[PDB]
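What follows is a single structure, written as structure tokens, with notes after it.
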Protein chains: 2
Amino acid sequence: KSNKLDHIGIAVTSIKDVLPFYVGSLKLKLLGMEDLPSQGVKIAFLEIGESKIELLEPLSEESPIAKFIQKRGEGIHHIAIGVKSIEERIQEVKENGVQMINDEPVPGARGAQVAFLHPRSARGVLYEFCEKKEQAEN
Amino acid sequence: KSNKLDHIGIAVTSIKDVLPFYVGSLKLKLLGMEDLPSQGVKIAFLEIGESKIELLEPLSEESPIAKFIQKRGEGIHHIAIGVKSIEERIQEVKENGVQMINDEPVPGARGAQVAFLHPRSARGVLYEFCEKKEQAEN
Ligand SMILES: [Zn+2]
Ligand SMILES: [Zn+2]
């Protein structure tokens, strides 16, 4: 409980080339964008209800996203679950037998602390735990 | 606007075999299940915030889900956007050049009227428009 659907990450070769579909056809609001050269990605955030769609564009051929697109093609990359305490959640899923890609949280989009669960624990789905500092008002 | 993230459909070979992960490790609440022999699927609904995760298990080898698992493996199948008027939304995206799998709504899970957009219009992502009758209270 308190689990939220934070976002869905979507691998694309070009944010610019899909914005006409997302903004023009689906009528989602583009919140903004960010560069994350440490993960080799540029990201665009689209609002969908209380969640977001995160469009992930590779910055170089060595980007994990470029590798994903090469092996699997463009499409849905991961589902992020917003959690209250990422350290405790990692410890709990590990105690229950889940294999992690990230045993310790790492920097993700929007200054969030993130950790990816191994798809082999989840029948081929890539889940991300996402802990964000609570910010609203003014 | 008024777009909601209704659910994420996830293809699995067995609902029973993944419930330990979803309920035990991720601590999502299992809402219930349904058989949809017309789409050749059994479905389990897990609550995640205001959205759901929809686990799709094929009922036979001829199921579109069985075919998907055969060609792509288990993993994320589609993202459903809840809309207020599905007829008008289909007409609008078509006018904007989106190719539909379903030009007319068809019966989906939970008695919803649904229509799938063609992944070739959306860079390999399968989107579903989902219109549900509004039900709460008592
Ligand atoms: Zn993410
Ligand atoms: Zn669906």
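Each reported figure results from applying straightforward, stated rules to the coordinates on display, with no laboratory input. All Cβ positions, even for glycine, are placed from backbone atoms using ideal geometry, and neighbour counts span all protein chains on display.
Annotations for the structure displayed:
- Closest Cβ on chain A to the rotation axis that carries it onto B (distance rounded to whole Å): A:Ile76, 2
- The relative contact order of chain A comes to 24 percent, based on Cα pairs under 8 Å that sit 6 or more residues apart.
- Shown here for the range A:21-125: trypsin sites (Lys or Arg not before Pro) in loop regions (DSSP other than H, G, I, E, B) with at most 15 other Cβ atoms within 10 Å, namely A:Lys84.
- With Cα atoms as the point set, the radius of gyration and Dmax of the range A:1-133 evaluate to 14.7, 45 Å.
- Residue-averaged [θ]222 nm for the protein assembly as shown, counting only DSSP H segments that reach four residues, each worth -39500 (n - 2.57): -4500 deg cm²/dmol
- Cα long-axis angle, helix A:86-95 against chain A (0 to 90 degrees, to the nearest 10): 60
- Across identical copies of the chain, B:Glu50 has label-point separations of 0.7 nm, listed in ascending order, with the point defined 7 angstrom from Cα along Cα→Cβ.
- Legend: distances between Cα atoms for B:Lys84/B:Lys133; A:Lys4/B:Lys16; B:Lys4/B:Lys132; pairs beyond 19 Å are A:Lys4/B:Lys16.
- Label-to-label distances for B:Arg120 across copies, nearest first, come out at 3.7 nm, using points 7 Å from Cα in the beta-carbon direction.
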